[PDB]
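Below is one structure, written out as structure tokens; comments come after it.
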Amino acid sequence: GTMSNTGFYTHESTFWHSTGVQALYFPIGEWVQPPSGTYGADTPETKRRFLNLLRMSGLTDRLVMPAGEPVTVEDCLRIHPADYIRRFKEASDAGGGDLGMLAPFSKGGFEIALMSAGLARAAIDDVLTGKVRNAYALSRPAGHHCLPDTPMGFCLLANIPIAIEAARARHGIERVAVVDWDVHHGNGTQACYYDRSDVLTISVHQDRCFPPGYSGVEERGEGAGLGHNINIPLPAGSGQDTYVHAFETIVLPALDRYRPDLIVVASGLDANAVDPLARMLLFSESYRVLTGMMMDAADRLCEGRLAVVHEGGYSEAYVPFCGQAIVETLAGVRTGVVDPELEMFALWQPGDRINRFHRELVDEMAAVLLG
Amino acid sequence: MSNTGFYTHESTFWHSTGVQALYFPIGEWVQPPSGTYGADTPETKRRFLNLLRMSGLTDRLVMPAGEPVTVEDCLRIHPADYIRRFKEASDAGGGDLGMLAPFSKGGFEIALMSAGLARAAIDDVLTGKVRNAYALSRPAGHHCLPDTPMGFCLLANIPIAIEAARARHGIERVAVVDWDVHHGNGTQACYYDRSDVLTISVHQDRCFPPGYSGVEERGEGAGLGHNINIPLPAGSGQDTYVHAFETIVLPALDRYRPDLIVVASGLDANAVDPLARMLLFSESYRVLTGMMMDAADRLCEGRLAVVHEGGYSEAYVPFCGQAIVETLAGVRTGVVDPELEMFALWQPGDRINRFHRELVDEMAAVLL
Amino acid sequence: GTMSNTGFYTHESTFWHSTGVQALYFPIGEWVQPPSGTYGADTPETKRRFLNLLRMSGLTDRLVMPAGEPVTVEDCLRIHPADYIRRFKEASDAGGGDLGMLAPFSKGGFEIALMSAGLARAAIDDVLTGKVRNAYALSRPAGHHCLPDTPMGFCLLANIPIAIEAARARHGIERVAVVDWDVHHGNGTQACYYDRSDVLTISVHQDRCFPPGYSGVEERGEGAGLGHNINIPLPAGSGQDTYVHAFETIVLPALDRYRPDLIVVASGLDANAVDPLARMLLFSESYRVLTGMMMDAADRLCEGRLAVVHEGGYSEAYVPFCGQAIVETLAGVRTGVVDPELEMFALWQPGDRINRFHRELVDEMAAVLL
Amino acid sequence: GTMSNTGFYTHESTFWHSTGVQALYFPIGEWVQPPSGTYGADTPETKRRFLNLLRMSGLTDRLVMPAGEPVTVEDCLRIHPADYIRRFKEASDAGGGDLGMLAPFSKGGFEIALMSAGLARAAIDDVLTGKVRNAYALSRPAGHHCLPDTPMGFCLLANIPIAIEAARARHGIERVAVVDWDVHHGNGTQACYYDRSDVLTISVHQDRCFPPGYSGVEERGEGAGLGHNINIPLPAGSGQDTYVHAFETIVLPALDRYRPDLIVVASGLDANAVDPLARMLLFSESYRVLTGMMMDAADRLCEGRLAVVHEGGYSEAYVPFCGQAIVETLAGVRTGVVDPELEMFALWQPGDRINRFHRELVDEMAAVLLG
Ligand SMILES: OC[C@H]1O[C@@H](O)[C@H](O)[C@@H](O)[C@@H]1O
Ligand SMILES: OC[C@H]1O[C@@H](O)[C@H](O)[C@@H](O)[C@@H]1O
Ligand SMILES: OC[C@H]1O[C@@H](O)[C@H](O)[C@@H](O)[C@@H]1O
Ligand SMILES: [K+]
Ligand SMILES: [K+]
Ligand SMILES: [K+]
Ligand SMILES: [K+]
Ligand SMILES: [Zn+2]
Ligand SMILES: [Zn+2]
Ligand SMILES: [Zn+2]
Ligand SMILES: [Zn+2]
């Protein structure tokens with residue numbers, strides 16, 4: 009019982025990153041009144057409360073929890089140009105700033121970003137060397153929107169690509185699949201590997217949400233990357249049925265065709281049923297099913313090698329239950345935690361008429377993407 | 011001076027639901043919140059009023075001093091036992107006498123004031139002191155059953171206000187159009203067997219009450235045909251809402267011929283609300299308010315009273331509320347909604363909208 | 009009866025000024041963790057809750073509440089150099105900043121600072137023209153630490169000096185007294201008039217608090233201003249007895265000798281018993297006493313002309329009861345408001361031994377200053 | 009580098025205790041408006057931020073940090089009557105309550121109180137068995153105002169007395185000294201041992217603060233406890249000089265005469281210079297001095313056996329720097345932490361004239377209490 013083979017990678021400094029004073033994500037000034045209680049959208053508590061519940065549940069006693077270690081600037085330069093890293097560190101040493109679109113940070117945010125990327129790097133490395141069978145990295149700030157030279161949407165470094173390239177330099181790995189179930193499009197991961205065949209990048213996201221107006225079915229890669237990028241925009245208001253169907257008919261077959269040597273999941277929990285930053289209806293049970301599917305795929309394709317890296321998630325109240333369910337599934341253990349909304353959110357799921365239409369939309373995309 | 015009344019009182023912001031994480035009670039697995047506590051926080055309503063003041067619009071609004079309803083007003087809807095137990099709990103430490111309707115010490119008096127804002131707004135529209143009105147009621151009312159508070163609602167604000175107007179003025183027909191994203195089960199129950207109020211609810215399918223749709227609940231006895239439930243799919247945007255108003259709500263009002271239109275205006279269908287999955291934004295509420303004003307112009311001499319219900323985004327509710335009041339008053343301000351472009355880009359695609367329109371068209375045929 | 013002759017000057021935009029993300033007033037960074045919940049020290053709620061209680065009490069029905077109007081850049085230039093105003097406006101048009109010592113502000117803070125100063129200007133003007141007998145201006149951001157060229161300690165413009173100089177240009181008023189009972193030293197007001205006899209500046213403050221380490225008894229002005237500045241540093245831990253003694257034996261006699269044509273109170277409420285930014289023991293009853301004393305002085309010396317301008321106060325929970333008590337005293341009415349801490353904060357007051365010693369310290373200052 | 013002999017005892021559940029909605033400590037109601045941001049006075053963050061800074065500082069890598077274990081009902085009954093324990097458990101199983109004066113708690117507060125007391129019990133036990141040389145227990149809820157029959161002032165169980173009596177039953181310890189430097193009077197500790205000679209209870213506190221109006225110099229015990237209780241009320245506005253003089257002239261000589269076999273410090277951090285709940289002027293350097301004096305006393309009198317148990321402290325911004333200073337002193341190490349208020353809070357200290365008068369008051373008390 010005792011110790012599982014699942015690693016959980018976290019460091020206190022990830023909770024010290026601050027985006028500044030916003031009302032939700034709206035900058036103050038003009039017509040947006042400063043907030044009185046919670047400021048910001050990516051608040052530390054939207055990630056800390058997940059860790060706190062994990063500790064209260066007792067699960068941490070059964071997890072491998074290594075000390076966090078930051079990436080180096082050299083690790084960053086495998087993805088980002090030296091000019092971006094210089095200006096980022098320069099602003100961080102002053103009073104912070106925002107070098108992209110909706111990517112604010114405070115004094116010292118550079119070092120925290122290095123630690124966050126280091127949690128992902130260590131999780132992927134420890135899975136590859138067999139120190140653990142699978143892993144969850146509680147990275148904050150997130151990574152999947154960060155382009156090589158432009159931070160975006162709360163993401164300051166390209167966490168997953170940095171971790172993959174660091175692993176390639178130290179281990180060599182023939183093919184990697186990144187499955188992004190954060191509710192927003194993983195435009196950063198897509199851009200980092202768009203012209204390459206050695207990473208299959210898959211994103212399931214709310215149609216048109218972030219980047220705003222973007223769907224992306226027709227963006228399949230270019231050059232050697234043609235056919236190695238898969239975008240699955242789902243309608244707002246999709247629930248577990250739609251997500252499970254997209255995984256069954258698109259994600260899983262795409263992974264079987266590609267035969268990766270490692271599966272990385274970009275795990276945003278912002279598709280949850282009460283998140284302010286999207287319109288989806290997933291709940292804790294949904295994340296159990298999706299995690300189980302990814303574990304099954306990793307078991308069949310790459311000896312169970314599955315690394316899960318946190319991205320978004322904006323409900324302080326409900327994100328902890330979804331994260332708890334993921335880690336429980338990775339570790340193969342249940343706890344005494346009771347999700348208080350388990351039945352309510354099941355009753356909120358769309359009816360059969362809506363689910364049938366959403367499946368038809370998914371089937372149409374599966375024909376376009378897999379044939 | 012505009013001819014639009016805005017009814018608000020400071021005490022409505024002093025009602026508190028207690029410590030919850032969102033709406034989850036704290037306990038073994040729900041950690042107490044660190045920043046904002048609760049879901050119906052005072053700021054989800056005060057920030058609307060604050061923006062109205064910053065915009066200058068309050069200088070052109072009629073803003074009477076709030077006056078609470080009396081126990082006699084409450085007893086037209088609620089049994090004396092409920093009102094007694096409510097007052098007794100409020101005089102102690104508060105409590106929760108229903109399902110998800112917590113309140114603190116003194117919450118009874120605040121609920122009387124909240125209902126009084128709705129009573130005054132409706133009365134002032136009926137007597138013509140103002141052409142239309144917005145009542146910033148908190149706590150909300152549209153989930154409150156005659157003997158059971160529910161879903162943040164402690165008294166049946168709109169029904170108390172209608173029955174108070176009837177007791178002085180005698181009104182033959184009133185229509186209540188509820189665009190709060192949750193089903194107005196309280197309004198529905200107060201008038202379910204009556205023809206003198208047409209109750210219409212547009213709500214997210216299955217949301218609150220959880221799993222409830224309600225198309226088939228069309229009234230009973232003398233009220234048969236006088237209740238209309240319009241469940242819309244989660245993820246519906248402006249196109250779907252406007253179509254449901256064009257094809258169901260407005261035709262239903264035309265047939266019924268109300269002497270007064272009351273809108274139960276929750277702002278929780280907004281695109282970033284935590285408590286629903288809809289995609290309305292400030293421009294959507296301008297369109298819907300314009301449609302209700304045009305209906306009131308055609309049917310009842312512009313008599314339109316708008317009573318606040320839900321809305322849970324502290325950041326974004328103010329811009330939606332501002333847009334409604336600007337539309338009621340017929341004046342624009344310098345306020346620019348910073349999310350106008352983004353929330354337009356978020357709207358559903360044509361394929362989704364076409365399917366949602368088919369679903370609305372099917373209900374329109376059934377609902378006559 | 010019906011309406012009073014007391015004005016209350018407030019504008020919604022004053023609550024929209026933000027100092028940014030700080031833990032209390034500490035900047036976030038390597039060792040100061042970002043706060044969860046309340047960020048900053050000068051939070052909007054430390055002033056808005058005062059107004060909210062005033063509304064709940066019903067007192068606003070009987071107060072004159074004119075619409076707020078800002079001061080102009082021209083009004084500011086009577087005190088501040090154009091270079092400061094230009095750099096302040098420049099930073100405010102971008103993303104905010106901090107041009108001094110512990111004076112952060114956000115985008116648009118310049119226009120809000122103009123409105124805050126405008127509340128003080130209008131309050132003083134309306135008292136002078138007789139529109140109201142007395143007034144309270146809920147200014148935020150505060151003003152009494154702002155030097156002519158350097159903002160400091162949450163103060164971005166010199167509210168009271170700008171208001172006084174505007175009243176001079178408009179009405180030619182000759183002698184004004186400023187009595188500053190904010191718990192911190194009014195170094196800005198002192199600096200603005202240090203060489204001038206047409207304003208008597210008096211500050212009662214916690215010894216060494218803000219500016220840190222400053223006491224100031226011997227700084228009594230210069231030139232024509234010699235004898236027209238009075239600093240009364242009181243020990244940390246002083247309560248109502250000590251404050252009342254300093255007012256009876258120093259403040260009131262100084263006003264009698266100066267013969268002002270207007271009394272302005274710089275009213276910070278941060279000497280209250282639970283404030284985080286000072287160590288004093290005043291409570292709502294204390295502010296009734298001090299306000300009555302200032303009203304008595306104004307009644308004797310300048311026909312009741314008394315304008316009260318808000319400065320500091322950092323207890324969201326308790327500042328409202330102190331502000332309410334001041335405004336009730338100014339209007340000569342009582343309300344149904346019950347201060348829940350009256351019994352406890354009276355029990356917290358220092359014992360006789362300490363009060364005796366504090367009185368001796370006050371007596372020594374009085375012998376020097378008078 | 010390597011491990012210190014200092015224990016730090018904390019459990020996640022102590023941060024889940026909630027006092028409910030109060031503005032500061034004022035109950036909400038007709039004239040106290042509900043708070044917007046921070047609710048309550050004893051907020052979880054007033055203790056968690058101390059732990060968070062300890063982790064950031066790297067000091068935790070060199071501290072012994074055992075898993076928290078709660079006390080049992082048997083342990084509580086050594087101090088509290090069965091009727092109180094029964095009623096406390098009953099209210100906790102429902103929806104919480106307040107069984108005393110200013111001691112609210114929420115559902116499940118009973119189990120959390122048992123854990124909080126357990127942190128103190130284990131700290132004292134491990135100091136006594138030699139598992140660590142000294143220890144800090146981050147107890148929350150606090151204990152030192154709790155009377156045997158009546159909770160008070162945020163304290164639900166008598167943490168320190170429960171811990172001492174548990175140590176007596178298991179180890180037979182003969183004499184213990186409790187030195188309470190929380191800014192409020194330790195009326196709970198005083199009551200628990202008032203007629204006993206086997207605990208010397210010393211409290212340094214702001215005169216008249218809490219319980220309100222209480223000074224207490226003349227309350228020196230009864231029966232076998234005569235001369236074994238020492239109250240040192242200091243004036244509001246006292247700073248480091250006054251506190252240090254009180255320790256040099258009263259606390260340290262009292263410990264030398266009593267010859268304890270263990271020293272327990274009831275460590276509230278609410279004498280700090282920005283605390284809302286008192287009027288004192290201590291800062292992080294002051295707590296280094298006071299902790300060093302207690303360590304020197306323990307070194308001379310009881311083989312270094314010193315257990316420090318958290319009580320109050322209500323500045324979220326500043327309490328962490330004071331707690332960090334104490335633990336660094338116990339462990340005998342420095343870190344990279346920079347207290348940002350060192351220069352300002354030194355400038356705030358009282359002038360010579362006040363310090364001389366406060367010293368005279370202290371001298372008069374030493375003449376009554378020790379001679
Ligand atoms: O359909 C059942 C119906 O029963 C009636 O008694 C309630 O008042 C209605 O609101 C409800 O919908
Ligand atoms: O007066 C304003 C000043 O008050 C002092 O007590 C605080 O330490 C400073 O941070 C603040 O700026
Ligand atoms: O404070 C502890 C003691 O205080 C004394 O005044 C009481 O008489 C004692 O019974 C009590 O235990
Ligand atoms: K995605
Ligand atoms: K509805
Ligand atoms: K002063
Ligand atoms: K003490
Ligand atoms: Zn996301
Ligand atoms: Zn609603
Ligand atoms: Zn001050
Ligand atoms: Zn204390």
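Chains as they are written, first to last, in the authors' numbering: chain D, 9 to 379; chain H, 11 to 378; chain A, 9 to 378; chain F, 9 to 379. Don't be surprised by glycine CBs; every beta carbon is placed ideally from N, CA and C.
Measuring only the C-alpha atoms, how far is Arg313/H from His88/H? What you label residue 313/H is simply residue 303 of the second sequence in a count that begins at 1. What you label residue 88/H is simply residue 78 of the second sequence in a count that begins at 1. Roughly 27 Å separates the two Cα atoms.
Using a C-beta to C-beta distance shorter than 7 Å, which residues of chain F count as neighbours of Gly45/D? As a working note, residue 45/D is residue 37 in the first sequence. Within chain F, the residues near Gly45/D are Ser44, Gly45.
How about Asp83/A: is its C-beta nearer than 8 Å to some C-beta of chain F? As a position in the third sequence, residue 83/A is number 75, starting the count at 1. Not one chain F Cβ lies under 8 Å of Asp83/A.
Using only CA atoms, which one of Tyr47/H, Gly196/H, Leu338/H lies nearest to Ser26/F? Residue 26/F sits at position 18 when you count from the first residue of the fourth sequence. The shortest Cα separation from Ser26/F among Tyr47/H, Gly196/H, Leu338/H belongs to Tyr47/H.
What is the DSSP secondary structure of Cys163/D, counted as helix, strand or coil? Along the first sequence, read from residue 1 onward, the residue named residue 163/D stands at position 155. If DSSP states are grouped into helix, strand and coil, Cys163/D belongs with the strands.
Indicate, with yes or no, if ligand 3 has a heavy atom lying under 7 Å from the CB of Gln357/A. Counting from 1 along the third sequence, the entry for residue 357/A is found at position 349. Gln357/A: no, Cβ never under 7 Å from ligand 3.
Following the continuous beta strand (DSSP E) through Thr158/F, name the residue where it begins and the one where it ends. Start at 1 with the first residue of the fourth sequence, and residue 158/F comes out as number 150. It is not in any beta strand (DSSP E) - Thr158/F carries neither H nor E in the DSSP assignment.
Quickly, what does DSSP pair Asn237/A with across the bridge? List them, please. As a position in the third sequence, residue 237/A is number 229, starting the count at 1. Answer is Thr209/A.
With DSSP run on the structure shown, which of helix, strand or coil describes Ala171/A? Looking up residue 171/A in the third sequence gives position 163. Correct three-state label for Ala171/A: helix.
Within 10 Å of its beta-carbon, does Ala177/H have 16 or more other beta-carbons around it, so buried, or fewer, so exposed? Taking the second sequence and counting its residues from 1, one reaches residue 177/H at position 167. By the neighbour-count rule (16 or more Cβ atoms within 10 Å), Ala177/H is not buried but exposed.
Could you tell me which of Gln248/F, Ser114/F, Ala31/F sits nearest to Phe23/F, measuring between CA atoms? Looking up residue 23/F in the fourth sequence gives position 15. Comparing Cα-Cα distances from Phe23/F to each of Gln248/F, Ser114/F, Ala31/F, the minimum goes to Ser114/F.
Distance between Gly9/F and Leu71/F (C-alpha atoms, nearest Å): The residue given as residue 71/F occupies position 63 in the fourth sequence. The residue given as residue 9/F occupies position 1 in the fourth sequence. About 11 Å.
Can you give me the C-alpha to C-alpha distance between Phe255/D and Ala374/D, rounded to a whole angstrom? One-based indexing of the first sequence puts residue 255/D at position 247. One-based indexing of the first sequence puts residue 374/D at position 366. Looking at the two C-alpha atoms, the distance is approximately 10 Å.
Excluding five sequence neighbours on each side, which residues of the same chain lie with their C-beta closer than 8 Å to the C-beta of residue 382/D? There is simply no residue 382/D to check, as chain D begins at 9 and stops at 379 in what is shown.
Cβ shell of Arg367/F (< 6 Å), same chain only, five flanking positions each side left out: Numbered from 1 along the fourth sequence, position 359 holds the residue referred to as residue 367/F. Cβ neighbours of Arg367/F beyond the five flanking positions: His253.
Below 8 Å between beta carbons: does that hold for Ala145/A and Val376/A? Against the third sequence, residue 145/A aligns to sequence position 137. Against the third sequence, residue 376/A aligns to sequence position 368. Result no, Cβ atoms of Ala145/A and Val376/A do not sit closer than 8 Å.
Considering only heavy atoms of ligand 1, does any lie closer than 7 Å to the CB of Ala274/H? Numbered from 1 along the second sequence, position 264 holds the residue referred to as residue 274/H. For ligand 1, not one heavy atom lies less than 7 Å from the Cβ of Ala274/H.
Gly320/D Cβ short of 7 Å to ligand 8 heavy atom set: Numbered from its first residue, the first sequence carries residue 320/D at position 312. Correct: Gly320/D has its Cβ closer than 7 Å to ligand 8.
Run through chain A and tell me which residues come within less than 7 Å of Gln41/D, C-beta to C-beta. Here residue 41/D is taken as the residue at index 33 of the first sequence, counted from 1. Residues of chain A passing the Cβ test: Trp24.
Interface partners of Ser21/D on chain F, CB under 7 Å: Here the question's residue 21/D lines up with position 13 in the first sequence. Going along chain F in sequence order, the residues near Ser21/D (Cβ under 7 Å) are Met64.
If you draw a straight line from the C-alpha of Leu59/D to the C-alpha of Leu338/D, how long is it? Residue mapping note: residue 59/D aligns to position 51 of the first sequence, counting from 1. Residue mapping note: residue 338/D aligns to position 330 of the first sequence, counting from 1. Going by the C-alpha atoms only, they are around 15 Å apart.
How would you list, in chain order, the residues of chain D whose beta-carbon sits under 7 Å from the beta-carbon of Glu53/A? Translated into the one-based positions of the third sequence, residue 53/A becomes position 45. Against chain D, a Cβ distance below 7 Å from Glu53/A picks out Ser44.
Quick check: does the Cβ of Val327/F come within less than 7 Å of any heavy atom belonging to ligand 11? For the purposes of this step, residue 327/F is taken as the residue at position 319 of the fourth sequence. No, Cβ of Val327/F sits at least 7 Å from all heavy atoms of ligand 11.
Verify the CB distance criterion: does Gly116/H have a CB-CB separation below 8 Å to chain F? Along the second sequence, one-based indexing puts residue 116/H at 106. Taking Cβ atoms only, chain F reaches closer than 8 Å to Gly116/H, which makes this a yes.
Helix, strand or coil: how does DSSP classify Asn195/F here? In the fourth sequence, counting from the first residue as 1, residue 195/F sits at position 187. Correct three-state label for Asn195/F: helix.
Distance, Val187/D Cα to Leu290/D Cα: Numbered from 1 along the first sequence, position 282 holds the residue referred to as residue 290/D. Numbered from 1 along the first sequence, position 179 holds the residue referred to as residue 187/D. Distance between the alpha carbons of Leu290/D and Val187/D is about 17 Å.
Buried versus exposed call for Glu324/A [16 or more other C-beta atoms within 10 Å across all chains shown]: As a first step, residue 324/A is located in the third sequence; it is residue number 316 there, counting from the start. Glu324/A is buried by the Cβ-count criterion.
Just to check, is the beta-carbon of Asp283/A closer than 7 Å to a non-hydrogen atom of ligand 11? If you number the third sequence from 1, residue 283/A lands on position 275. Not under cutoff, so the answer is no.
Which residues, in chain order, does the stretch 220–244 of chain H contribute to contact with chain D at a C-beta distance below 8 Å? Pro220, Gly221, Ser223, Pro243, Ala244
Could you compute how far the alpha carbon of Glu182/F sits from the alpha carbon of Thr158/F? If you number the fourth sequence from 1, residue 182/F lands on position 174. If you number the fourth sequence from 1, residue 158/F lands on position 150. Going from the Cα of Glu182/F to the Cα of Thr158/F covers about 27 Å.
Use the C-beta contact count for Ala286/H: other C-beta atoms within 10 angstroms, 16 or more gives buried, fewer gives exposed. In the second sequence, residue 286/H corresponds to position 276, counting from 1. Under this definition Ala286/H is a buried residue.
Near ligand 1, which residues have their beta-carbon closer than 6 Å to a heavy atom? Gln198/H, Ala199/H, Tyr202/H, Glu227/H
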